[PDB]
């Protein structure tokens, strides 16, 4: 019935940081002021997501001196998890339980183009949201 597309957060509305972010006070403040558990990292197009920042990542920084982002993401080298736009909610629910992670990034395929197909990235969906859509009403 319902696909990921319905539970999705669209891309503009996702809190993301670029890969050459520097983690001074005011960025760290913005990160906390988001209060996401899991902030994705793009380069330098947004649709292009390279790595995943967990919260406990920043825990083992201080904002000395300013310490750069792209280091931290290399450190733990957190795996990142892809799901297709048209995957059904119960099926994506399976993928999360196979995961450690409770957040997917969402591709559809692109058939428009004379080119080779490619994976368009549409945005984000969290486990939270998926359950929050099986309370349903």
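Positions refer to the first chain, counted from 1.
S.K.: Can you let me know which of the two, 101-109 or 56-64, has the higher average C-alpha B-factor in the entry?
M.R.: 56-64 has the higher mean C-alpha B-factor.
S.K.: Which is higher on mean Cα B factor in this entry, 65-73 or 43-51?
M.R.: The deposited B-factors put 65-73 ahead on the C-alpha mean.
S.K.: Tell me, lowest, middle or highest third: where does the Cα B factor of residue 83 rank within its chain?
M.R.: CA B-factor rank for residue 83: lowest third.
S.K.: Using the temperature factors of the C-alpha atoms in this entry, rank residue 120 within its chain: lowest, middle or highest third.
M.R.: Lowest third - that is where residue 120 ends up once the chain's C-alpha B-factors are sorted.
S.K.: Would you mind ranking residue 24 by its C-alpha B-factor against the rest of the chain and naming the third, lowest, middle or highest?
M.R.: CA B-factor rank for residue 24: highest third.
S.K.: Give the position of residue 131 by CA B-factor within its chain, expressed as the lowest, middle or highest third.
M.R.: For residue 131, the deposited C-alpha B-factor lands in the middle third.
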